[PDB]
Each structure stands twice: as structure tokens, then as C-alpha cells.
Amino acid sequence: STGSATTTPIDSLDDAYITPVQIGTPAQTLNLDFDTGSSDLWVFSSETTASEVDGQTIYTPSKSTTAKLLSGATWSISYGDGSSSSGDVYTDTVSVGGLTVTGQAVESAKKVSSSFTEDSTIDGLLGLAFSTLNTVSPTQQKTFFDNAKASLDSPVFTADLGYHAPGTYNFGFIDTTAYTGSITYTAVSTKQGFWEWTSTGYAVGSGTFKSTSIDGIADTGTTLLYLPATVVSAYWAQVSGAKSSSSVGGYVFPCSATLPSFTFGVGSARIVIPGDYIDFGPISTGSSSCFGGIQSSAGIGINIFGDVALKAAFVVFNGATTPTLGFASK
């Protein structure tokens, strides 16, 4: 089997991407944030504290003939921005782009933190990291991909995120029309539960390539590109007036700037992020200070190849017995 679904930016800055997912019988369609950095499929629901729901579409298990309470199971998760959610668990039928999994753990939120409530466009998350990170207790649950894998034509999914435009998540096949040139594959460590790999270096604008190993994760659920302070300083030094602002929480730059591109290495291959992708607009409405899309990972504990990086590539998440990651230009 295969599946193919369109993923769409939630706003004009590509702050996140949503993908329609069918849950239950008859189908209840929710728009979920596909997140290769976590491993829980959770949704706003009829159980979510009413004051914490503001415009989201909710899953109502009592209206699904295939829903079953997973008795005794609870979940609780927190993300890198300090946001969080928790609740109980149902099993139900879940379909993405025509690919159906029966018996998928659908984690129903009883509570969500403020930044989820305030995001009216995101109805929940669909985790695509390794199932070892799943938070369900006392019986850990499998991701949608893990459950689908054996049925897929090939044990892979691909992320093709757009810049200010829709893109695609495919399951079970590689669309050879969706990228240019060849795909370069690189090794993955699953030791921390992530799609963790080592970039071979970087360049800023038209500058020379610096060969240096940068360990990080391919994370569709993180908006920005978070890299070591040395790398990030070298980038922003090429933008007149750019500075790190403690008050804003990262590098800002004059909105009048033309940002240079940023290149990262994948083996001997190179992915170029255009300068436009690095612009996250005014820090507050009407400001002439703009927020940068490349930020320091210092104090995060890990480097993160988030959407800013991934949307410059066609990315293969190869879930074979020994997982790997592939990147192509597009």
C-alpha cells in the first residue's frame, strides 16, 4: 500500500504545516501537524477542557463506531518550546492520504497548554519519530508509520515541504518526479529516538564550504534551523545590523536586509537554503526588526534541522531495518 497527502503552511510565515487525517468511522477529518521529532498521535477531542479549545476541530470518540477506550492508558508530552498536552487513549482507524491503519493509538487530549489553544489551525500532532519516544503509559504505543510499515510497498515516508506553498507527505514510495538530481543517503542513529544524522558542513552565501561534522535531527515539527553558536554567528555576521537579542530570544536583523543563502552538507552533496527561507518577518506587527530563521542550539542540547532546512529538500525517511535519511534538491 501507499498514501499521499498534501501538507499546507498554517500561516504566511510557514510557522508549521498541517495535513488532513481521517480518524474513526464515519471519518472525522482533523488537520494534524506531522512531527518527525516526536512519537505521539494526539488530538483535540470532546474530552479536552472546554476553555482550552478555541477554534480547533475535535475528535469525538463516542461518534466513531470503531473507537475503543484503551483502558488505563494515559499520556503526557512536552515539546521544546515548553508547550504540552496530556490525556487518555483510544484505538481507532486512522487514514492518511489513502493509507489506512486499524488499531492506531489516538491520544485524546484532556489538557493542552496555551500555545496549542491559541493555534486554531492545528487540531493535534502526528508523531513520526521512533516509537521508543511514545509517551503512553503503562503500555507504550506505536506511531502511525510503525503500524503501517509492514503493509507499505517500501518501508519509507517522504517529506516535501513547500516555501509559502503546499507540499506533500508520501508513505510507501519515492516520487521520482518530486526532486532533481539524485538522493544522497546518510546514516541515522536511533539511540535518542530521533532521525539523528551528521551533516558534513556548511557555507554562508557564496562563501567557501566549511567541512565540519554537525550532529542533528531532521524535525518537521520544529519551525527553524538550530545550529551551533559558532555556525550561527558566522551566518549572521554576513548581515549588516544583525544581532542576538536577549529580549527577543534570538537573532534579529533589519527588515531592509537581503539575507544570504545557507548551505548544509549531506555527504558530498549540498542543500542550499535560499535567503528568503530564513526571513520570519517583523518581531511584532509593524516593527522594522525581523526574526531570523537560523538560531543557536546552545542550551537546547541538540542541533535541529527544522522546517527552514527541510523545506529546501526532498527528504526520505527510510525505515528499513537499518534506518537512513535521504536528501535531494528540488
Side-chain angles (χ1 to χ4, degrees), residues 9-17 33 35 37-38 78-84 113-122 161-164 194 199 201-210 212 214-242 244-264 271-312:
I10 65 166
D11 64 21
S12 63
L13 299 176
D14 299 352
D15 282 315
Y17 296 78
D33 183 351
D35 179 13
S38 72
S78 67
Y79 301 97
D81 69 330
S83 67
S84 65
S113 66
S114 60
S115 57
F116 284 114
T117 297
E118 293 158 2
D119 236 317
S120 65
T121 64
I122 293 176
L161 304 179
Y163 170 66
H164 294 352
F194 301 120
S199 172
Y202 70 99
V204 176
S206 60
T208 60
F209 186 85
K210 175 70 168 183
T212 185
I214 304 168
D215 295 337
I217 68 168
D219 186 2
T220 58
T222 292
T223 312
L224 306 185
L225 174 53
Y226 294 89
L227 290 174
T230 49
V231 176
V232 176
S233 184
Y235 178 80
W236 289 109
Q238 298 304 311
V239 179
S240 296
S244 183
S245 167
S246 160
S247 53
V248 175
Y251 280 89
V252 297
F253 68 92
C255 294
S256 60
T258 301
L259 298 176
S261 63
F262 183 90
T263 301
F264 64 93
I271 301 294
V272 181
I273 306 172
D276 309 48
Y277 292 22
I278 299 160
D279 177 20
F280 280 74
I283 62 173
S284 295
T285 305
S287 180
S288 72
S289 182
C290 275
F291 198 68
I294 295 178
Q295 295 295 346
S296 180
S297 64
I300 292 179
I302 200 159
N303 300 304
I304 309 172
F305 294 86
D307 298 332
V308 162
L310 303 181
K311 75 180 79 169

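Each residue takes its place number in the sequence, starting with 1.
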Determine whether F262 and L225 make a side-chain contact, defined as any pair of heavy atoms from C-beta on separated by less than 4.5 Å.
yes
Side chains of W236 and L259: does their closest heavy-atom pair fall under 4.5 Å?
yes
State the CG-CG distance between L310 and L161, to the nearest 0.5 angstrom.
6.5 Å
Value for OG1 (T222) from CD1 (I304), rounded to nearest 0.5 Å, stands at 4.5 Å
Output yes when a side-chain donor or acceptor of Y235 lies under 3.5 Å from a complementary backbone atom of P260, and no otherwise.
yes
Are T220 and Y17 close enough that some pair of their side-chain heavy atoms sits under 4.5 Å apart?
no
If I take atom CD1 from residue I271 and atom OG from residue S199, how far apart are they, to the nearest 0.5 angstrom?
10.0 Å
Kindly say whether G293 contributes a backbone atom to a donor-acceptor pair with the side chain of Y277 at under 3.5 angstrom?
no
Where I278 and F253 come nearest, the two heavy atoms and their spacing
O-CE2, 4.4 Å
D11 and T121: CA distance, side-chain angles, deciding distance, side chain to side chain contact (heavy atoms under 4.5 Å, CB included) verdict:
CA-CA 9 Å; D11 64 21; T121 64; over 6 Å; no
Might you point out which heavy atoms bring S287 and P282 nearest each other, and give the distance in Å?
O-CB, 3.4 Å
Examine distances only and state if a side-chain atom of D35 and a backbone atom of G37 form a donor-acceptor pair shorter than 3.5 Å.
yes
Would a 4.5 Å heavy-atom cut-off, applied to side chains only, mark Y251 and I294 as touching?
no
Looking only at heavy atoms, which two atoms of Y79 and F116 are closest? And how far apart?
CE1-CZ, 3.6 Å
Are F280 and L224 close enough that some pair of their side-chain heavy atoms sits under 4.5 Å apart?
yes
Interatomic distance, OG1@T223 vs CG@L13, rounded to 0.5 Å, equals 9.5 Å
What distance do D215 atom CG and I302 atom CD1 have between them, rounded to the nearest 0.5 Å?
8.5 Å
Is a donor on one side and an acceptor on the other found under 3.5 Å between the side chain of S84 and the backbone of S78?
no
Answer yes or no: is there a donor N or O on one side and an acceptor on the other, between the side chain of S261 and the main chain of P274, under 3.5 Å?
no
With a 4.5 Å limit on heavy-atom distance, are the side chains of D219 and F305 in contact?
no
Check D307 against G221 and note the closest heavy-atom contact, atom names and distance.
OD1-N, 4.5 Å
Below 4.5 Å, heavy atoms only, C-beta onward: do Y226 and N303 meet side chain to side chain?
no
Hits for salt bridge (charged side-chain N to carboxylate O under 4.0 Å, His left out) against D14, two or more places apart or cross-chain, chain-then-number order -> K311
Less than 4.5 Å apart, side chain to side chain, heavy atoms only: is that true for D81 and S115?
yes
Identify the two heavy atoms, one from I214 and one from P228, that lie closest to each other, and give their separation to 0.1 Å.
CG2-CD, 4.1 Å
Minimal non-hydrogen separation, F291 against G249, with atom names
CZ-O, 4.2 Å
